[PDB]
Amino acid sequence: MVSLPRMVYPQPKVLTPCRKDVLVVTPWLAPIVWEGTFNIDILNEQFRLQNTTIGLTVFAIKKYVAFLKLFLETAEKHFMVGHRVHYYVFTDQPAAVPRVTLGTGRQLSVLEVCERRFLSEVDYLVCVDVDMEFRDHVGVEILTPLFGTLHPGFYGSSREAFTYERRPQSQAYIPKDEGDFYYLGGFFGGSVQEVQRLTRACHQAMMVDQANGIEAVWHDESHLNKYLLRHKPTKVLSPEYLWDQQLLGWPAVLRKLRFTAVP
């Protein structure tokens, strides 16, 4: 909307690829976010001028509430630093949510377990698992109407190898000749409108399957993949955004490990 100010930065090189080791754009022209593909300074400017607010949702039920402290603490250090953030912790133990110190412009809501609420409080929703920790930058470069994340264990696999639901009976069914990538169920987001549409489509699909006495192989993640196949995400995050160093190590292709599993 508003004009950007004068900025000094390296001139993009038209005859010099960002990365020569990875695909940085999908066949439907959505960028694939890898370190080295973006100037965070330009992006921060663009989003700050819109006074962008990001909601981060996590479900911490039962034993998982024990991961909240490390989750929230690292988020404070690496998640959307400089922008307005609203954490939404859905838990069955409200009193167990640790008292974490938050930077200015950042708040936390504990909801014990209305969509409209999100519509008026945030511009984007980022949905992740609680048993994780941020180890590096995760900022506005991910914001877009709809985004999915490349699963750290299948990014180099062929589609036929993907663990999609393969039963024609299930709503999440995806034949062997279809599929772009295998997205993670633990890190997706976008505008509130798009995220609500995705979860609404998923909930309905899961119900239909339940009524037919069937449950997709990888449950929610299976339905997410089916939705993202039929509604292409406007951005795809690389495995940098959700990795497991203990299980997968640190490939050269990953210049940064931003969000990881807690061993």
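In case it trips you up, residue 1 is the first one in the sequence shown, and so on.
Undergrad: Which fits the stretch between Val113 and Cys114: none, 1 to 3, 4 to 9, or 10 or more deposited residues lacking coordinates?
TA: Gap size class: 10 or more residues without coordinates, per the record.
Undergrad: Which has the higher mean CA temperature factor in the PDB entry, 189-197 or 168-176?
TA: The recorded data point to 168-176.
Undergrad: Decide which of the stretches 218-226 and 231-239 has the higher mean C-alpha B-factor, going by the entry.
TA: Higher of the two, by average CA B-factor, is 218-226.
Undergrad: Which of these, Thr26, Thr52, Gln210, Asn44, has its C-alpha atom at the highest B-factor, as the entry lists it?
TA: Result of the comparison over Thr26, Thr52, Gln210, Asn44: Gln210.
Undergrad: Which of these has the highest Cα B-factor in the record: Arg117, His83, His86, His78?
TA: Comparing C-alpha B-factors across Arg117, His83, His86, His78, the top value belongs to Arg117.
Undergrad: Give the position of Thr144 by CA B-factor within its chain, expressed as the lowest, middle or highest third.
TA: Answer is lowest: the recorded C-alpha B-factor places it there.
Undergrad: According to the PDB entry, is the CA B factor of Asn39 in the bottom, middle or top third of its chain, that is, lowest, middle or highest?
TA: It belongs to the lowest third of the chain when residues are ordered by C-alpha B-factor.
Undergrad: Which third of the chain does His137 land in by C-alpha B-factor: lowest, middle or highest?
TA: Its C-alpha B-factor belongs to the lowest third of this chain's values.
Undergrad: Should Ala161 be placed in the lowest, middle or highest third of its chain by the C-alpha B factor in the entry?
TA: Highest third, going by the recorded CA B-factors of the chain.
Undergrad: Hey, what third does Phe90 fall into on Cα B-factor, ranked over its chain?
TA: Within its chain, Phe90 is a middle-third residue by C-alpha B-factor, going by the deposited values.
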